[PDB]
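For reference, the structure discussed in these notes is given below.
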Ligand code: CLA
Ligand code: CLA
Ligand code: CLA
Ligand SMILES: CCCCCCCCCCCCCCCC(=O)OC[C@H](COP(=O)(O)OC[C@@H](O)CO)OC(=O)CCCCCCCCCCCCCCC
Ligand SMILES: CC1=C(/C=C/C(C)=C/C=C/C(C)=C\C=C\C=C(C)\C=C\C=C(C)\C=C\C2=C(C)CCCC2(C)C)C(C)(C)CCC1
Ligand code: SF4
Ligand code: SF4
Ligand code: SF4
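Protein chains in written order, with the authors' numbering: chain H, 57 to 138; chain D, 71 to 207; chain I, 5 to 30; chain L, 49 to 211; chain F, 80 to 231; chain J, 2 to 41; chain C, 2 to 81; chain A, 38 to 758.
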């Protein structure tokens with residue numbers, strides 16, 4: 057009934073489902089976020105920061121009192137033939 | 071032969087399905103098929119079930135090409151109906167395939183060109199050979 | 005000492021899997 | 049198309065040859081209104097602002113499960129520091145986001161998103177996609193996630209409700 | 080052959096006694112004169128008999144107390160393999176020769192497959208006994224026991 | 002009456018043959034059970 | 002895409018064409034056999050490689066041979 | 038192919054022989070004449086009934102001449118039920134074992150002994166007659182099929198009158214059948230068994246017919262029978278309540294349901310099926326047009342609905358067969374779970390060997406039939422689905438959003454699979470690393486099935502409150518503090534539900550959902566798919582459509598039944614395992630003088646069935662010791678069949694992991710060796726077809742697998758129970 061070689065888009069599911077909403081905005085509080093979230097918006101630079109943020113994992117394990125790394129002590133079993 | 075071309079035609083009655091086009095059509099290709107019915111009949115429709123054929127030009131859009139032929143080969147049987155389908159593309163364009171020659175591929179026609187015909191006969195193929203090609207040229 | 009290295013043996017998969025992903029989709 | 053249809057399952061946007069159908073779940077004013085709103089949707093708005101909303105919400109949500117079902121459920125020492133764990137996840141989750149953003153280039157033929165609403169208005173573009181847009185969004189998520197994480201810990205690291 | 084014959088065996092002899100005691104344990108709950116009674120006692124005599132026979136015929140019996148067969152070809156123990164083996168090949172050939180003789184007779188004329196699923200031809204004219212002398216197929220070999228179509 | 006014979010000449014033949022073979026073998030084993038050798 | 006070839010040992014029974022669901026083959030005027038036709042493979046781009054054509058060939062061994070080569074969406078038979 | 042002329046034609050390859058049997062019962066492929074088909078299957082049912090009738094005759098006959106049923110009757114507690122005896126040939130007689138009663142035979146698990154005691158049967162004389170009566174019936178049934186195919190075959194119009202058939206079957210067969218049996222109970226079963234429970238001895242019991250003739254003997258007990266006029270015609274009915282009651286629970290002396298209840302049950306069931314029998318329209322006016330009523334239901338969601346169904350279910354057998362198979366199988370399953378929880382036979386629950394094998398047998402039969410529903414449902418789509426002539430609309434839409442249903446069901450299985458099997462892999466890992474606090478256990482982080490525990494709680498407090506007439510509970514698994522102990526064995530006991538019980542139920546949720554997925558996907562996509570738009574033209578049983586499209590192997594609906602067949606095995610196989618361990622661990626056992634109960638495995642289910650290693654050790658490795666140590670004993674055959682099944686099973690993997698292309702090429706070399714020696718068969722040897730190799734594969738897999746547990750279970754409970 058409605059196929060138009062002119063517009064190939066409506067013909068296909070090209071249309072954004074009504075879930076799209078191109079409406080206004082949100083409060084001015086954004087002016088704050090835009091200021092402090094800027095260094096993480098660069099990409100690639102952020103890729104690196106997070107990977108080198110893996111330096112946290114090293115720091116957290118080099119220093120860790122309560123993970124089972126001690127026997128605590130025992131007298132070991134010989135044991136099948138010593 | 072001159073391709074007839076398709077402009078606008080009504081679609082057959084159906085009501086919807088989940089086997090229709092999806093994204094591929096938007097960005098790569100989709101295939102449409104046209105056939106004329108002398109009666110508002112009922113046909114199976116691949117990728118779904120039960121659709122009324124309609125009487126008139128009848129235009130349907132599908133994907134994979136094969137879906138169109140399956141319908142077309144069922145359309146030629148059961149009902150004595152002629153049909154044709156094309157590949158739409160995403161930016162207009164008019165590629166018309168099948169019948170093409172205007173006479174069915176199974177029926178011999180006068181000026182087609184062989185394309186990939188080996189007059190050697192099978193079993194007389196060679197063995198490689200590190201050179202380009204496989205020997206079944 | 006040996007509590008620093010098996011994690012970099014796990015930072016490495018994170019790094020390797022990320023790099024390879026970029027390589028294969030290119 | 050209202051309202052003597054006396055039936056539910058209208059073909060998707062009137063097209064019965066596109067796969068999907070119209071159902072209350074698909075298209076109900078309540079659902080539609082709901083779906084239209086939210087950071088993922090809400091095109092024409094800054095991506096960074098949206099990531100923050102999404103990022104902030106998720107980070108906050110992640111703490112609960114990690115803290116409660118963590119290897120130290122169950123411990124003062126791990127009273128909620130496991131939230132750190134929730135945080136780590138958003139560090140990783142920001143990588144996955146960042147690397148995915150490299151599937152969109154800077155040329156960039158901005159936006160792979162549809163260029164039209166339903167109703168085939170034929171107007172406007174989306175912009176979430178594209179290299180610059182997606183990156184802002186991640187950065188927002190990272191920011192939003194780390195924060196949501198800290199705040200949730202905050203309340204818990206005080207709490208009173210429910211102990 | 081570290082084995083010492085089933086006669087001077089203490090294990091194989093012990094094994095006989097062990098088996099019959101267990102059988103005897105069972106008849107104690109049925110009361111003689113009853114059915115399950117003989118069946119048990121009939122089983123016991125067969126047990127004694129087979130143990131008795133094995134010692135007669137030789138049979139070396141290992142340390143485990145069970146007879147071990149010797150197939151080296153040793154004349155002392157031909158009955159343990161060669162003589163039954165000769166008997167097998169005889170019947171094995173006989174079957175082979177009769178079966179081959181059948182498919183050959185069928186091939187000329189008729190619908191050959193008809194005879195294969197249905198054989199309302201029994202031994203054909205009289206094909207079975209032809210196997211009594213299969214070994215004379217050695218003389219079929221010097222002529223045309225094999226077809227010359229593929230290789231030699 | 003030709004018909005019954007043929008009927009008995011299909012794979013059933015196999016059952017009758019194997020039943021006859023089994024009967025022979027079992028009866029042989031009755032007269033000579035626990036046979037680990039051919040001693041004659 | 003897939004590589005299909007036709008051989009002069011053909012007898013022009015046209016069954017390979019009728020078997021194809023994507024229309025990869027067609028018949029061609031020729032002087033080699035009594036039918037004076039021969040199969041042709043012009044549209045290998047639409048070939049999915051299912052070998053339905055081979056299972057219809059009556060020639061002692063196939064006159065039409067499908068050699069599965071490089072994969073494409075069309076060859077992969079994808080509708081998405 | 039006897040059935041078809043071209044098919045019969047001639048044999049050129051061995052494939053002809055395999056085809057001949059494969060399509061022997063495929064009646065709708067031999068003719069397009071619906072009447073001819075219907076006539077064929079109707080006669081076939083007679084031939085079936087004859088076989089099962091003959092089957093029954095042998096069960097009664099063997100019970101008479103080759104069983105110690107009489108011996109078992111006087112001492113049911115420690116006499117082992119045994120039918121069939123083995124001839125003393127090539128060492129066979131060892132299978133004849135001590136079963137008590139001075140008799141040598143194989144212990145049985147069919148449960149006929151418990152059935153016969155309930156029926157009030159006392160002598161081999163009575164069993165002898167019933168065997169003959171069954172044979173007489175078998176002669177009839179066989180004759181009846183010959184008469185209705187060669188002499189007087191019904192019209193198609195006859196079979197199509199479904200209304201008349203419905204009315205009868207759920208009234209003439211069900212109603213009067215229940216009523217007729219209800220009479221035998223209170224006149225024969227109840228009186229005689231009442232004596233048997235008083236330790237009177239069978240030969241000292243009067244003959245059943247003496248109870249019927251003179252009321253005197255039957256009236257001294259159950260004195261409601263005393264009145265000749267009977268209070269029935271007075272319609273007070275309160276007086277009758279002595280021979281029938283709503284007591285429920287379990288008799289503490291016989292361990293079965295009160296026959297005092299089953300008689301009342303059938304009395305109700307009978308007329309309930311007699312009333313419901315008077316529903317559909319026939320000839321004398323009063324009744325329903327099922328065609329009419331079906332049409333009435335329609336909906337905003339369904340649009341036209343059910344319209345046209347009556348046409349479909351009156352012209353397509355496969356449609357009716359699928360529905361029937363789906364529920365007859367489902368019925369067999371609920372039968373298994375009702376006979377274990379509510380033991381209906383005298384000395385049944387006490388006989389652990391019979392109960393395990395009864396529950397397990399019904400689970401497989403029920404499981405198989407349901408899988409068969411998938412097949413014929415798919416066969417209907419390929420062969421009988423025609424929208425032009427018989428549109429439904431219900432069927433439509435379903436086909437319309439079929440990519441939706443499967444995609445969702447796909448997700449649920451992944452959710453279930455993770456949230457079932459994953460928990461076990463969690464526990465297996467936390468226990469191995471030495472941290473049981475971490476595991477999903479009753480001692481650690483517990484996941485209590487509070488919903489199931491709540492339903493059981495209300496069933497306990499049901500008698501008196503929401504069930505005044507009920508003196509006791511429905512089943513003692515819902516009892517609370519009750520305990521029945523027949524002999525030194527425990528008949529039944531309240532069954533607890535813990536975290537270990539939460540996991541296993543979620544595994545059954547899983548296995549059933551996946552089995553549904555595979556089967557349902559094959560039915561919907563039986564005709565068309567994005568991959569294969571014309572699959573319906575390839576048929577229902579075809580191997581593939583070539584290596585094209587990346588590979589289209591097992592796209593047929595047949596192959597979906599093939600894949601779902603293994604999964605139905607995987608499914609039940611773990612239900613029966615759940616049953617076996619739970620009953621042995623927390624129910625079955627011996628009760629002492631003080632009242633202390635010791636179970637067979639000693640309550641190790643709760644903390645050891647939460648681990649995979651726990652099933653592999655505390656269940657398999659432990660409970661196998663019986664089967665693998667059964668050599669030299671009466672259970673020798675089970676040990677062999679245990680090994681024999683393991684073989685036919687690994688033998689299936691040969692067919693399943695390979696293809697026929699290899700085998701055909703191998704045969705070529707073997708045919709050459711034959712041609713050299715004039716021994717080449719005119720019927721050329723061919724490999725199995727692609728589809729047959731799958732059929733051969735799954736059969737042996739199921740056989741070897743099923744058979745292997747059979748020997749597992751039957752060796753276990755007999756040596757222990
Ligand atoms: C009384 C003797 C008798 C005779 C001489 C015939 C003769 C015939 N019948 Mg009839 N039939 C009979 C009894 C008889 N029938 C009975 C008692 C029934 C009711 C079940 C039928 C139901 C019947 C049907 C539905 C059909 C025939 C047909 C035929 C014709 C073809 C034979 C055939 O089907 O192929 C094969 C011959 C066989 C003997 C097949 C074996 C089937 C038997 C019943 C197997 C027994 C079950 C077995 C024990 C299962 C366990 C196996 C276990 C060991 C593994 C032939 C004229 C067919 C026809 O008319 O052609 C179009 C046909 O459609 N018969
Ligand atoms: C309500 C009962 C019922 C009825 C009346 C039918 C009827 C039919 N079925 Mg169905 N089926 C059923 C239940 C039923 N089925 C169930 C429960 C399943 C799931 C397992 C199936 C799965 C199924 C498939 C896949 C197919 C059918 C097919 C058919 C049709 C013909 C096939 C044939 O002739 O059999 C042929 C009989 C054989 C080939 C014998 C095979 C050997 C058996 C399986 C071995 C059994 C082992 C034994 C029990 C134990 C070992 C013994 C041994 C060691 C001696 C016929 C209409 C076929 C069809 O195309 O429909 C038209 C078809 O392909 N059925
Ligand atoms: C336990 C499972 C099992 C068994 C028994 C076999 C057996 C065999 N394989 Mg196989 N295979 C298997 C699994 C198995 N395979 C698996 C999982 C794979 C990977 C996919 C393969 C891959 C494979 C390949 C590639 C090949 C084989 C071949 C063979 C044959 C080798 C010949 C031989 O040594 O002895 C002869 C036969 C046997 C030892 C077993 C026969 C079974 C019994 C003994 C027959 C007696 C029947 C008895 C009377 C029962 C009657 C039943 C009743 C209902 C009638 C043999 C038949 C080769 C072959 O075909 O060589 C010719 C070969 O090419 N196999
Ligand atoms: C948290 C605990 C509370 C429980 C609520 C959530 C658990 C139950 C799941 C909600 C399902 C909603 C059912 C609506 C009741 C319902 O089914 O409505 C039936 C509705 C009625 O249609 P009509 O009014 O037209 O029906 C009449 C005519 O159509 C037929 O003649 O039909 C449809 O919904 C069509 C679409 C199918 C809907 C598919 C959803 C299927 C859910 C799958 C889950 C099955 C669970 C079974 C478990 C035993
Ligand atoms: C002495 C002895 C020994 C040894 C042995 C040996 C070592 C040998 C050998 C051997 C050999 C190394 C042989 C060979 C060969 C060959 C050939 C080359 C063949 C052939 C054949 C044929 C040709 C056959 C045919 C037929 C017949 C005649 C019958 C039937 C079948 C048919 C028909 C199949 C031991 C010491 C062990 C033991 C003791 C004794
Ligand atoms: S393989 Fe399939 S698509 Fe290719 S030529 Fe053959 S039938 Fe056509
Ligand atoms: S199947 Fe073979 S002979 Fe027939 S048309 Fe095709 S290529 Fe020619
Ligand atoms: S191996 Fe068999 S199933 Fe797989 S593509 Fe080839 S023919 Fe089809």
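Every residue, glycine too, gets a C-beta built ideally from N, C-alpha and C.
Reduced DSSP category for residue i - H, G, I as helix; E, B as strand; rest coil
{"i": "residue 336 (chain A)", "result": "strand"}
{"i": "residue 66 (chain C)", "result": "strand"}
{"i": "residue 366 (chain A)", "result": "helix"}
{"i": "residue 121 (chain D)", "result": "strand"}
{"i": "residue 132 (chain D)", "result": "strand"}
{"i": "residue 590 (chain A)", "result": "strand"}
{"i": "residue 110 (chain F)", "result": "coil"}
Residue i: contacting residues in chain J (beta-carbon distance under 8 Å)
{"i": "residue 127 (chain A)", "result": "27, 30, 34"}
{"i": "residue 166 (chain F)", "result": "39"}
Partners in chain A for residue i, counting only beta-carbon separations shorter than 8 Å
{"i": "residue 77 (chain C)", "result": "586, 587"}
Distance between beta carbons of residue j and residue i, contact taken as under 8 Å
{"i": "residue 477 (chain A)", "j": "residue 460 (chain A)", "result": "5 Å"}
For residue j and residue i, the rounded distance between their alpha carbons
{"i": "residue 120 (chain L)", "j": "residue 114 (chain L)", "result": "10 Å"}
{"i": "residue 209 (chain A)", "j": "residue 228 (chain A)", "result": "27 Å"}
{"i": "residue 654 (chain A)", "j": "residue 376 (chain A)", "result": "29 Å"}
{"i": "residue 135 (chain F)", "j": "residue 38 (chain J)", "result": "12 Å"}
{"i": "residue 755 (chain A)", "j": "residue 117 (chain F)", "result": "26 Å"}
{"i": "residue 35 (chain J)", "j": "residue 43 (chain A)", "result": "53 Å"}
Amino acids of chain H, ordered along the chain, whose beta-carbon sits closer than 9 Å to that of residue i
{"i": "residue 150 (chain D)", "result": "Those do not exist, as residue 150 (chain D) stays about 26 Å from chain H at its closest Cβ, beyond 9 Å."}
Interface partners of residue i on chain A, CB under 7 Å
{"i": "residue 113 (chain F)", "result": "139"}
{"i": "residue 63 (chain C)", "result": "By Cβ distance, chain A contributes nothing, its closest Cβ being about 13 Å from residue 63 (chain C), past 7 Å."}
Within chain D, partners of residue i - CB distance below 8 Å
{"i": "residue 440 (chain A)", "result": "88, 89"}
Under 7 Å (Cβ pairs) to chain L, residues found in the stretch 332–352 of chain A | 337, 338, 340: these are the residues of the stretch 332–352 of chain A whose beta carbon lies less than 7 Å from some beta carbon of chain L, given in chain order.
With 7 Å as the limit, tell me which residues of the stretch 709–736 of chain A have their beta carbon closer than that to any beta carbon of chain F; keep them in chain order.
-> The stretch 709–736 of chain A vs chain F, Cβ under 7 Å: 709, 712, 713, 714, 715, 716, 718, 719, 720.
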